[PDB]
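Visitor:
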Amino acid sequence: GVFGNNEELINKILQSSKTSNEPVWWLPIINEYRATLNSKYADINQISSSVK
Amino acid sequence: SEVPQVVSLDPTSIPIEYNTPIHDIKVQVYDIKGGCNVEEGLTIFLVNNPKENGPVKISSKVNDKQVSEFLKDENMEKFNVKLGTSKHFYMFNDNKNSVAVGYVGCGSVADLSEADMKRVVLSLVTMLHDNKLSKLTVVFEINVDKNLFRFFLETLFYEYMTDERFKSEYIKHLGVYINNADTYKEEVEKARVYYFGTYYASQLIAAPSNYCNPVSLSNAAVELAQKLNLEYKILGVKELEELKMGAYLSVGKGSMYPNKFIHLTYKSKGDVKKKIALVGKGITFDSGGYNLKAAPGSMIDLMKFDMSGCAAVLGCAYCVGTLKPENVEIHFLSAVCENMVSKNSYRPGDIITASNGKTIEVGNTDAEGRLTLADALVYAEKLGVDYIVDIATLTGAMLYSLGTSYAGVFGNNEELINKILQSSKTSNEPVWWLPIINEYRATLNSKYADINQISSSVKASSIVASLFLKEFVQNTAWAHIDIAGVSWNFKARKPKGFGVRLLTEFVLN
Amino acid sequence: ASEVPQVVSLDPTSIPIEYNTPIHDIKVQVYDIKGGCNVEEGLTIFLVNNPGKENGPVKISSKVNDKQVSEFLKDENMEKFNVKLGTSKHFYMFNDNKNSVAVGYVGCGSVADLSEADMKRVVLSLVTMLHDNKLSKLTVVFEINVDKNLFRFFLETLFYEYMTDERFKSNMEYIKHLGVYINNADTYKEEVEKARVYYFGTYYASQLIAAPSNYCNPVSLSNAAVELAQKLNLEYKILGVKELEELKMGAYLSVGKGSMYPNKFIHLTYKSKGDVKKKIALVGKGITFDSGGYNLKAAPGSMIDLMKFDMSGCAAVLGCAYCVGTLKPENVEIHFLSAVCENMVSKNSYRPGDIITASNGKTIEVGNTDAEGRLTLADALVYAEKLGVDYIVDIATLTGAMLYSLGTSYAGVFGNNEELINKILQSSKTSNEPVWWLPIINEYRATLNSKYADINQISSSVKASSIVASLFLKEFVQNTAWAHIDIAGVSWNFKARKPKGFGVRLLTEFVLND
Amino acid sequence: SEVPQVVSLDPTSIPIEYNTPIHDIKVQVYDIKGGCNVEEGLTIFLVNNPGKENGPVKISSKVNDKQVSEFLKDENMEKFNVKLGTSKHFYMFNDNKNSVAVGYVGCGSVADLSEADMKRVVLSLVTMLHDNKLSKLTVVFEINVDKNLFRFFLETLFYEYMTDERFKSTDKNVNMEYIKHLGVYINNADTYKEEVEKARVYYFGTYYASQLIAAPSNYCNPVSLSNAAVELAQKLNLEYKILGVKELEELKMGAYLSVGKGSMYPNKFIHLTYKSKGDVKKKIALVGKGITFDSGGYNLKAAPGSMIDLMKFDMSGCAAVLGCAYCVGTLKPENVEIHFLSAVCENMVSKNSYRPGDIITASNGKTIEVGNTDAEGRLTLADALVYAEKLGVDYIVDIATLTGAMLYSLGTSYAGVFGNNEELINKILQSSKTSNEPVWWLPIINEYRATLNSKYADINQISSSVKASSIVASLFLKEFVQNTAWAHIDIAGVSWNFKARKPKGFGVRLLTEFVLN
Ligand SMILES: CC(C)C[C@H](CP(=O)(O)[C@@H](N)c1ccccc1)C(=O)O
Ligand SMILES: CC(C)C[C@H](CP(=O)(O)[C@@H](N)c1ccccc1)C(=O)O
Ligand SMILES: [Zn+2]
Ligand SMILES: [Zn+2]
Ligand SMILES: [Zn+2]
Ligand SMILES: [Zn+2]
Ligand SMILES: [Zn+2]
Ligand SMILES: [Zn+2]
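Chains B, E, D and C are the protein sequences, given in the same order. The entry's author numbering puts the last residue of the first sequence at 552; the count rises by one with no breaks. FYI, the numbering for the second sequence is 86 to 135, 137 to 254, 262 to 602, going by the entry's author numbering. FYI, the numbering for the third sequence is 85 to 254, 260 to 603, going by the entry's author numbering. The entry's author numbering puts the last residue of the fourth sequence at 602; the count rises by one with no breaks.
Here is the structure:
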């Protein structure tokens with residue numbers, strides 16, 4: 501799976517996937533899940549409370 | 086279509102409300118130029134600050151001097167725009183009439199996602215449920231296209247509506270202030286139709302399995318068909334036997350309710366230029382069969398939701414039959430049954446024959462959805478359609494790939510897949526494209542039957558299930574939407590009614 | 085009665101009940117210990133302690149009327165043995181007249197005040213001697229201090245543990266005489282026939298519980314109640330399915346839907362001869378087998394093979410009807426209620442998620458079909474309150490969690506009325522069936538709020554199951570003093586592999602001393 | 086005293102806040118019969134309506150302002166009900182032609198609010214303080230409360246308002262502002278006045294406890310926690326000693342020492358002492374469980390629902406006792422002598438750990454057979470109880486996160502209390518009433534004692550047969566108190582607020598009330 505913050509770069513990876521015949525598939529970074537990384541005490545949680 | 090009972094107390098029909106208080110709300114859209122009038126009820130400004139957790143600043147002119155004083159920058163800067171954060175105050179306006187004024191923070195990103203807007207609306211609804219109001223006014227101080235604006239209304243209507251059918262005062266006016274209001278007016282009634290399609294689907298999903306069973310669910314579809322002047326046909330066990338739907342029929346053998354196959358048709362007045370079949374998974378309760386749902390986390394108490402796909406298709410039938418698109422013929426299908434434990438149930442290991450003649454080895458009686466859909470797909474292709482799209486709560490594995498927000502779409506045809514992706518964009522029901530990986534196909538080779546129902550090895554369940562279904566469509570553009578993850582809103586303890594607007598947008602454009 | 089449905093013709097159609105036990109043929113005499121002991125017949129056993137000196141030597145104080153036994157009992161010989169609780173020795177010998185007798189002791193520890201748990205150990209040690217005995221008389225000599233209630237407890241426990249249930253089978262001989270020597274004999278004598286009644290009520294409850302679910306089902310159990318009522322001259326009524334439907338007991342009927350046996354609601358009545366000054370309803374959980382339903386008992390530790398015990402509540406209420414109908418208290422009207430059914434897996438069973446409607450009009454969202462007991466109790470409670478009683482007491486194997494809170498010795502009691510709870514606790518003391526008051530914590534009530542129905546059957550979150558179940562039942566009692574006794578932990582004796590018949594004496598003492 | 090580290094980025098102390106924003110709040114109490122002034126930011130009426138459920142709001146107070154009075158007339162207010170936890174905000178100009186904020190919080194229909202009800206009320210109030218930059222709050226009491234409930238209102242207002250940001254860095258709340266002034270209007274006010282600063286003391290004890298509990302195990306370890314107690318003792322002028330490994334060995338605390346064998350931090354035994362001037366009428370030992378992290382040991386917490394990520398909280402009892410010491414050391418009660426004790430260590434997995442099966446010796450000569458290394462608390466309490474009784478005290482009270490079994494008996498609201506003496510138990514229950522920290526009495530069932538008989542050692546650590554752990558645990562502890570009144574408060578269920586994701590600081594107020602009255 502490939503995730504990213506930049507469509508151009510994701511596409512370079514996908515194209516590199518084509519020519520190297522190492523199969524990769526673009527998966528989304530779903531921002532709705534970001535709040536489950538909110539920590540009561542630290543800046544951020546390492547893992548999610550609720551999202552599997 | 087008589088609903089069998091064990092005791093005389095057993096329900097014989099799904100209760101349905103068609104006339105909801107939302108349908109009595111009078112909606113006006115006003116242009117924001119000219120300024121906002123604040124005369125009654127509750128006025129909410131939707132506000133962002135592109137900064138992070140920045141202060142609230144109201145831009146719009148308000149044609150009331152008391153309320154303008156309340157909305158001046160010195161006072162609003164005590165509040166912030168953190169997404170979903172809200173405040174509202176009661177006060178006297180110029181006329182010494184009591185009104186309430188406040189805001190909903192929309193954060194610090196200019197273009198809200200569907201998830202953000204959901205959060206904004208949820209905050210707005212909290213205020214509506216807590217205040218006896220005759221009228222709500224919403225002032226848009228954020229940017230929003232026609233589709234997101236429509237989405238805001240659908241969502242507001244749906245979240246505002248409270249389902250009370252199993253229990254033993263709403264606003265009468267909605268005002269909207271938005272820049273260039275004339276362009277948005279046409280979305281209002283479209284929203285009302287989409288709202289009810291979603292709420293209707295929700296009503297079937299939320300209705301428990303003693304209420305919503307194969308007979309009462311199919312009775313419900315017939316009632317709907319009649320109200321919309323759609324052709325309808327319910328196939329019963331005798332018909333299904335002549336049609337040799339062994340995969341479908343085997344799932345339902347353990348039930349006290351006969352299998353009921355739903356087939357609604359919409360045909361446009363003019364020439365038909367496109368034929369479509371929408372196929373929904375219709376398991377009214379999934380106990381898992383002899384592979385009982387007994388493991389920790391198997392969520393047996395929510396398995397009334399396993400008919401969500403069928404619900405989605407019927408909600409679409411409502412929208413389509415109301416908005417009357419042209420040059421299309423739509424078949425609405427669902428192979429409805431119940432997956433139970435009984436002396437009559439199908440067993441792990443059983444070899445059954447689908448209606449296209451393929452023998453299947455059952456490896457797990459809790460992978461029932463793909464067997465009923467196998468026969469529904471074969472049926473749909475025989476209709477001679479251009480597109481087959483199924484929607485289904487098919488694999489719990491979805492929770493581990495996309496989670497609870499995005500449905501997955503699989504398909505055998507890139508054009509169809511992109512049509513669904515576009516429909517996902519305009520309906521704001523998020524879907525993501527996932528691969529049908531042919532290297533896994535061999536794990537479905539049965540030693541004895543033509544094909545295995547499940548893989549023993551490969552844990553990529555959503556993909557294997559797609560690979561299974563792909564065998565039952567030979568020559569038609571077909572896509573499959575797996576909504577196992579997104580159908581039920583766990584936080585809110587209710588259905589989303591996912592899929593209706595998605596499918597409808599697909600049919601309409 | 086009703087016909088018991090069968091699958092095959094080898095299926096039993098009634099519960100075998102022994103009414104006339106060997107226990108009833110024992111003649112019981114109580115003598116004052118101040119006068120010395122007559123040890124010329126059978127097995128004589130001294131109950132001895134040694135205060136202060138932990139595990140101290142045995143020492144017999146009593147004068148006996150036989151020279152051979154006297155020499156055996158002298159200190160030089162008895163100090164070979166010690167008093168560690170439950171430890172025993174007994175010896176065969178010839179008395180002065182060359183007849184065969186046997187003499188021993190049971191240690192009662194080094195603490196002067198025996199608890200009921202300690203007493204049970206002593207009795208068990210005694211029962212072990214009896215289970216290998218063929219002499220016709222047993223004499224027990226109390227060289228320890230007990231009060232009236234504990235003495236009655238000793239007799240009841242001796243009788244219950246002595247009796248062995250052989251109804252399902254295809260060495261020793263029961264004694265014909267029991268002799269007791271104890272201080273103040275005359276004041277203890279009136280406890281003997283009360284103990285005999287309390288014993289059989291308990292034993293009768295035990296026989297129903299122990300009876301497996303193929304023998305004991307809703308039809309055979311309700312039949313047994315009818316037969317009991319007839320032997321005791323009690324008013325009875327059995328409500329079948331059509332009557333239950335008319336009364337709208339939708340929660341109760343949902344639980345039974347998957348069974349091959351028709352639901353049977355049991356209602357027996359004792360009415361006193363004179364003026365009636367208190368009306369009580371006793372309500373018993375009556376699940377003749379709890380498979381769990383679709384939420385099947387499949388997890389490790391879930392104890393599915395023992396789930397014939399799940400009508401223990403019912404058994405205890407019926408055992409109480411035996412005691413009450415025999416002892417005939419005055420000024421009281423008592424109703425004995427159990428909504429009996431079977432919780433099974435079937436095409437016809439109720440499902441997780443189903444919304445059902447109780448007879449008081451409340452709708453209930455079923456979270457877990459294995460939380461079946463509170464559903465059947467909910468309708469039974471609505472039935473009881475409609476009788477206009479002063480007190481409703483229910484008793485039930487309701488929550489496994491009791492095993493984690495009070496364990497296998499004490500039951501929990503919950504209630505909406507402080508006075509009724511104190512009466513239960515006082516009944517606990519005099520019956521020596523230990524109970525402990527637990528709270529009904531209102532803060533948890535919100536967890537029962539359903540999104541669609543009027544109320545949830547279970548909490549999703551809150552793990553305090555016994556409190557949550559109590560909160561739920563509470564919703565079906567509008568304005569009557571009500572208590573709930575959860576015996577899921579104490580009902581089955583895991584070590585001895587048998588029931589305790591827990592509750593018969595508790596409830597009987599409750600109705601007798603109000 | 087020196088905290089060992091693995092790498093230089095390892096913390097060497099617990100960050101502790103003493104001067105909190107709550108402490109800078111000027112609090113004034115006024116008598117309601119003088120009438121409310123409404124001049125500045127946010128005035129909240131606490132209002133109920135007995136009998137009429139969800140009944141209308143009516144403001145009974147005399148408000149000394151025409152404009153505001155006109156706003157609060159019944160006619161204006163009838164569209165609002167008093168449903169518990171409900172609030173509204175009002176906005177208007179007063180007589181000085183100044184803008185002003187006004188509102189109410191519904192206190193239901195029952196004239197007597199429970200502590201759970203009052204908590205729901207404070208929570209509602211607090212939401213009106215968050216996300217609103219106010220400099221003053223005034224609360225007008227139009228419900229009836231006794232002096233203990235009023236104090237509880239303030240303690241809870243203070244505690245819930247305070248936001249713990251010691252471990253925030255790039256994510257402090259940019260908009261957090263605390264009021265500087267709190268006004269309270271109430272009937273018969275000068276009776277209530279002395280509750281205010283007591284509330285402030287009770288607030289910090291709880292917050293201090295809470296601060297140690299929330300602090301993660303890399304910050305809060307036996308060295309740093311015992312360092313913190315010293316620091317607290319110095320600030321309060323309490324006598325203190327910290328017993329280290331070599332003195333513990335001399336005291337033969339083999340049970341306590343075994344639990345900590347596997348840790349990189351040396352065991353540290355905290356012993357603080359408050360002594361009244363004059364005649365000492367009561368001597369009391371308070372004993373807190375101080376496992377700074379409970380991994381379970383070789384019986385690792387690896388099962389589903391084991392909550393290993395929360396086990397920084399296993400020092401909650403010790404924190405309760407240090408918080409009590411703050412309150413006692415601040416309020417200076419007469420005629421008592423208090424010892425505050427905690428046998429502090431970490432239960433870890435190492436080549437140096439104690440194993441299941443080990444037989445260890447307690448400081449009173451009893452040999453113990455360890456059946457499960459994750460029942461570590463009762464071992465450390467065994468030695469702490471033996472030490473406590475050696476002080477020759479009248480009452481030993483211990484407080485511990487001892488058994489998860491509490492989640493299945495009383496759940497998350499009530500602590501359990503066990504003991505060998507009825508009078509001491511009842512004093513605890515009494516303190517529970519006036520501290521408003523709920524406790525329920527639970528039995529020590531002697532019949533289970535036999536399941537702790539060991540074949541090889543004097544006694545078993547755990548039961549073979551009995552799933553009632555809280556009771557078995559208490560039976561074990563009883564074995565180490567020979568002739569002293571002793572009670573045991575099991576707070577495993579209530580210590581952590583799962584909904585709010587933070588400590589409750591449970592027990593500080595309880596223990597302080599116990600010591601005070
Ligand atoms: C075949 C197994 C892997 C079982 C299921 C498929 P299902 O048909 O029971 C479906 N109803 C489901 C939806 C969401 C959550 C759980 C189950 C699975 O785990 O995907
Ligand atoms: C699995 C849970 C729902 C268990 C209990 C209810 P139960 O009715 O099955 C009862 N029969 C029971 C007794 C003793 C041991 C175990 C089970 C519960 O706490 O709700
Ligand atoms: Zn399934
Ligand atoms: Zn399914
Ligand atoms: Zn059950
Ligand atoms: Zn049960
Ligand atoms: Zn532990
Ligand atoms: Zn611990």
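The beta-carbon is built from N, C-alpha and C at its ideal position, and this holds for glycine as well.
Does any residue of chain D have a CB that is nearer than 7 Å to the CB of residue 605(C)?
Guide: Since the first residue of chain C shown is 86 and the last is 602, residue 605(C) is not available in this structure.
Visitor: For a quick check, are the C-beta atoms of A469(D) and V372(D) less than 7 Å apart?
Guide: Yes.
Visitor: Report the rounded CA-to-CA distance for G381(C) versus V434(C), giving the unit in angstroms.
Guide: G381(C) and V434(C): Cα-Cα distance of roughly 8 Å.
Visitor: Per DSSP, what kind of secondary structure is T377(E) in: helix, strand or coil?
Guide: Strand at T377(E).
Visitor: Tell me which same chain residues have a C-beta within less than 6 Å of the C-beta of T97(D), skipping the five on either side of it?
Guide: Answer for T97(D): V88, listed in chain order.
Visitor: State yes or no: is the beta carbon of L492(D) nearer than 7 Å to at least one beta carbon in chain C?
Guide: Taking Cβ atoms only, chain C reaches closer than 7 Å to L492(D), which makes this a yes.
Visitor: With respect to the beta strand (DSSP E) encompassing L328(E), which residues constitute its N-terminal and C-terminal limits?
Guide: Per DSSP, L328(E) belongs to the beta strand (DSSP E) from 324-328.
Visitor: Quick one: is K518(B) near chain C, going by C-beta distance under 7 Å?
Guide: Cβ-Cβ to chain C under 7 Å: no for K518(B).
Visitor: Chain D partners of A313(E), CB-CB under 7 Å?
Guide: In chain order: nothing, as chain D lies at least about 17 Å away.
Visitor: At a cut of 8 Å, does the stretch 143-150 of chain E reach the stretch 105-114 of chain E through at least three beta carbon pairs?
Guide: Too few Cβ pairs lie closer than 8 Å, so no.
Visitor: Taking the DSSP output, what are the residues bridged to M177(D)?
Guide: DSSP lists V185(D) as partners of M177(D).
Visitor: Are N437(D) and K346(D) touching if we call contact CB-CB under 7 Å?
Guide: Yes, the pair counts as a contact, with Cβ atoms nearer than the cut-off.
Visitor: Per DSSP, what kind of secondary structure is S172(E) in: helix, strand or coil?
Guide: It is a strand residue.
Visitor: Considering only C-alpha positions, which residue in the set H424(D), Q515(D), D364(D), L527(D) is nearest to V478(D)?
Guide: When each option's Cα is compared against that of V478(D), the closest is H424(D).
Visitor: Could you check whether the Cβ of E461(D) sits closer than 6 Å to any heavy atom belonging to ligand 5?
Guide: Under cutoff, so the answer is yes.
Visitor: Rounding to the nearest angstrom, what Cα-Cα distance links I544(E) and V92(D) in this structure?
Guide: So the alpha carbons of these two residues sit roughly 40 Å apart.
Visitor: Between the Cα of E227(D) and the Cα atoms of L509(D), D197(D), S254(D), which residue gives the shortest distance?
Guide: The shortest Cα separation from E227(D) among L509(D), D197(D), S254(D) belongs to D197(D).
Visitor: Using the rule of at least 16 other Cβ atoms within 10 Å of the residue's Cβ for burial, across every protein chain shown, is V330(E) buried or exposed?
Guide: By the neighbour-count rule (16 or more Cβ atoms within 10 Å), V330(E) is not buried but exposed.
Visitor: May I ask whether a heavy atom of ligand 8 can be found less than 6 Å away from the beta carbon of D575(C)?
Guide: No, ligand 8 has no heavy atom inside 6 Å of this Cβ.
Visitor: With burial defined as no fewer than 16 other Cβ atoms inside 10 Å of the residue's Cβ, what is the status of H174(C): buried or exposed?
Guide: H174(C) should be labelled buried.
Visitor: Going by DSSP, what residue range makes up the beta strand (DSSP E) through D202(E)?
Guide: Element bounds for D202(E): not the beta strand (DSSP E) but the alpha helix (DSSP H), 200-216.
Visitor: To which residues of the same chain is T276(C) closer than 6 Å at the C-beta, ignoring the five residues directly before and after it?
Guide: Excluding positions up to five away in sequence, the list is empty.
Visitor: Check the C-beta distance from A485(D) over to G408(D) and give it rounded, since I have them as a contact under 8 Å.
Guide: Actually they are not in contact, since the Cβ atoms of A485(D) and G408(D) sit about 14 Å apart, beyond 8 Å.
Visitor: Using the beta-carbon count (16 or more within 10 Å), is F565(C) buried or exposed?
Guide: With 16 or more other Cβ atoms within 10 Å, it is buried.
Visitor: Considering only residues of the same chain and omitting the five flanking positions on each side of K118(D), which have a CB-CB separation below 8 Å?
Guide: So the list reads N272, once near-sequence residues are dropped.
Visitor: Looking at ligand 2, does it come within less than 6 Å of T465(D), judged from the CB to the closest heavy atom?
Guide: False, no ligand heavy atom lies under 6 Å from that Cβ.
Visitor: Once DSSP output is grouped into helix, strand and coil, what is the label at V413(E)?
Guide: Looking at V413(E) - three-state DSSP - the assignment turns out to be helix.
Visitor: List in chain order: all unbroken alpha helix (DSSP H) runs of 4+ residues lying wholly within the stretch 324-366 of chain E.
Guide: Counting whole runs of 4 or more residues, the stretch 324-366 of chain E contains the alpha helix (DSSP H) stretches 330-335, 339-345.
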